[PDB]
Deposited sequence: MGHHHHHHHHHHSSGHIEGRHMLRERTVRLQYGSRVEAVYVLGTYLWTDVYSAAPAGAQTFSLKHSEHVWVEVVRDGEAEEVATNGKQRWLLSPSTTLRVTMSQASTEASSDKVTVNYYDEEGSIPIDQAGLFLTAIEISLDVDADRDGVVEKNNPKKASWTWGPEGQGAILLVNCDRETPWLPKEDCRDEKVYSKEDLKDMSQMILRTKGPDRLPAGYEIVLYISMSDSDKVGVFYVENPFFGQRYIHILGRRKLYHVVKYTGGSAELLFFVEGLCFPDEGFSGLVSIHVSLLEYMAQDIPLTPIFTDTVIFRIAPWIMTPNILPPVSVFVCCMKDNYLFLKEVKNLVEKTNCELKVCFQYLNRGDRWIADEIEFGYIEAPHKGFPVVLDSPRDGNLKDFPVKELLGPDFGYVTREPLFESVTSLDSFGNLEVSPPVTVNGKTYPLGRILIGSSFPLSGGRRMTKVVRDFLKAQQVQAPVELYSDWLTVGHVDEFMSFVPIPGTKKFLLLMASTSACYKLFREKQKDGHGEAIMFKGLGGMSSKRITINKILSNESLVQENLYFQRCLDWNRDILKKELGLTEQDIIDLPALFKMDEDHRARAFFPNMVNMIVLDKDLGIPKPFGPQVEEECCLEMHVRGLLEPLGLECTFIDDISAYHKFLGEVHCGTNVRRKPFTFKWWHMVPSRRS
C-alpha cells in the first residue's frame, strides 16, 4: 500500500510510518517560488528513491545529486524496520535557485516507524500466526483460509474465556507513539449483536478481562506499549447464521491522527480481520454413539430394563430422565436435538432446546433455547454423507417433514427452516410428513449403518410389506392369530389377521398411505443418490383420522435406537405364529443377515394398550464427523 505524505511549504512534517506500507512524497509543493532544483539527504534506515515519470532511482544517504523540480518528480520513501529510541529517521530536501549552489531553503520529513498487525488464526491450525496475508477474507475448502469463531452457548475470568477465539494485536516501536496518535479497535453497528470482545484493560491491577466491544460498544482505545508488544483479546460469537446473517463478522484496528478540536481523527492506517461463526451441525445415525438419553414414566419397568440391557451390550453410557410438567412424554426426542459445533482444536456438543410449555444434562453441552406438531424435532433427521450426481455432502443432508406446496397443509415454522438452511453445510431437503396425524419424518424412515462396511441403508415403513406378510400367514392357516397379546386393554377387540384383512376401508386407507410413503421414497432416492439396493422396507400399518391422516395401528418399528450394529426396535405386538411374533421374525429375517443385531424394546405394556401414541423417547449423542466443516465447499447462494 502506497500512502501520500507531502512535504510542507515553510515547515517540517513529522509522520508515523507503518511497516508494510510506503510513502510517496511530493517535494515540489514545499519548494519556494522560483526554485529550480532539489537535492536530498536521508538517514540510515530510511530508503529513498527519486521517481520521475515512473522511473525510480535509489538515492544515497548523503550525496550531492540534484534533480530538476517538477510536479512529476517525486520521492518514494520506504522503511523496513521499526524505530527505537536510538533512531533518528528522516529525509531532508534542499532547494536551489538558478543563481548558485547553496540551498535557499529546506523541507524535512521526520519519521517514526512502527509495526501494527491485528492477527488471528486464519490458517485454521489453532495458533495465531503473524499477519496472515489472507486474514481479511474467508474462503471455504481444503485450501481455504480465515478465522473461525464459536457461538457462546453457555468482570470476567481468563478461565471463563477458554472456549473463545484468540485475536492478538502485535506492535513494535519506540517508547511511545508520537504526539497526536492513538490506536483504536472497532466494529460496525451491524456486527455489534453478533460478537463480543474481551481484554485486560489494566494489567498492572490484575488479570480481569472486561467486555470492550459488542452491544453498545463499537470502539475501544487501546494502550500502546513500546518495544515488541502483544495485546491478547478473546472473541465470542453471539449467534448462529440465520436468514439475515451470513455468519461473517469483521474487526478493525486503526491508527488515528489528531487534527484539531471539533474535527474527526484521521484513519492513518487500518488493519482488518474476518471471522466466520461456526454452524450448528446435526449427527446422523451412522456416527459412533457416546450416550443414550431416555425419558419415560418412572414405573415403565420393562422399557427401562430392556433399554439398560441393550446399552450394556455396547460401550455407550445410559442417561435416564423422567417426565416433567412443562414437557411432552417424548421430550428427549421431540424437544431436544443433539448437534455440535467445531473450531480448530476446539468443539463441543450443542443441544437445541424447544420446550413445549417453555432441565439439562451435563456441563459438557452448549444449549440453544427457543406452533404445530411439525415443529417437533421428531420431524428432523439427517442423512449419512452422500454424493448426489457428483456433488458431495460430506456431512449428510438434513431432512424436514412438510406438506405439498399447493396443499395448504402444515409446515415447520419458517424460523426453524431458515435457521437450518443458514447453517449451509447440511443443505436441507423437505420431505412429506403431513399425511401423518403427528407429522414427523421419524414415524416413517430411519438410517442404519451396514456392519463391517462404510455403507448404510435407508429403512422405510411399508404397508404393502405388512399386507403381504399377513396374507401369507392367513393362507398358511394362521388367520385367527391375535395381535396385541398381553395388552389387556386391547383384549376385548379380538384383533386377528382375519379381522385386519377383511376390513375393507382399512385396506383402502393403507394403499393411500403407501402412496405417501412411495412419494417420499422417490424424493429420498433423488436427493440422497440412493438406489433400491440401499433400501429395506419394514412392515407397518396405520389407521386414518377425520383429517385423512395416519396414526400407527401397531408400534412403528422404523423409529429405532441405533447403536452401531445393535438396534433397539419398538416391540410390535404382532400376530403370534408358533409362539413368536411374525412381525419380529420377519424383521429379523431382513436385518440379521446383514450383521445387524435386533433387540425388541417394549415401551407400551405399562399402558395396557396401544392407541397410536408412544409414551417414551430416546436420543443418542454421537461423536462428531471426522470431516472438518470448513473443508466443505457449499453452493453459493
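Residues of the deposited sequence that lack C-alpha coordinates fall in the stretches 1 to 23, 178 to 192, 397 to 404, 417 to 422, 690.
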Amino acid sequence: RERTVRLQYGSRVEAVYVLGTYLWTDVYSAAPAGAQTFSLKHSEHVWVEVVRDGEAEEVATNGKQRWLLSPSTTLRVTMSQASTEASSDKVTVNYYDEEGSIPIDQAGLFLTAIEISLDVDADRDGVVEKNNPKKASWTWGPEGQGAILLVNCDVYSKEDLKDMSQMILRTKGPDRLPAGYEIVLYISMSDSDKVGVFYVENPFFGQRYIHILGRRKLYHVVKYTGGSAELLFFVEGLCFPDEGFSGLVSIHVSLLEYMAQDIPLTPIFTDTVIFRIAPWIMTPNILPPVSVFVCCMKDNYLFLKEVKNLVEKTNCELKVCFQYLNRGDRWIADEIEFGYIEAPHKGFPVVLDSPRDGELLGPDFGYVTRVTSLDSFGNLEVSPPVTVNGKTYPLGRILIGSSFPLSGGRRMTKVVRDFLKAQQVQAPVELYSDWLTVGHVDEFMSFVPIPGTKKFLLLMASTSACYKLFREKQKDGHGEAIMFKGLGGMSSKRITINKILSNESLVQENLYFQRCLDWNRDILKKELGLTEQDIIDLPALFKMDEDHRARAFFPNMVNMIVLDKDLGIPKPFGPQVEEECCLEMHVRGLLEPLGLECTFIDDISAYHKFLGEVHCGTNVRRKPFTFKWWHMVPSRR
From here on, numbers count along this sequence of modelled residues.
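Per-stretch averaging of Cα B factors for 107 to 115 and 120 to 128 places 120 to 128 on top. Per the PDB record, of the two stretches 283 to 291 and 255 to 263, 255 to 263 carries the greater mean B-factor over its C-alpha atoms. Of the candidates 66, 588, 41, 571, the one whose C-alpha carries the top B factor in the deposited record is 66.
Ranking 428, 214, 174, 405 by Cα temperature factor from the entry places 214 first. Residue-level temperature factors show residue 575 in the lowest third of its chain, judged at the C-alpha atom. Among the modelled residues of its chain, residue 581 has a C-alpha B-factor that falls in the lowest third according to the deposited record. Residue 52 sits in the highest third of its chain by CA B factor, as recorded in the PDB entry. Among all modelled residues in its chain, residue 239 ranks in the middle third by Cα B-factor. Among the modelled residues of the chain, residue 397 sits in the lowest third by CA temperature factor in this PDB entry.
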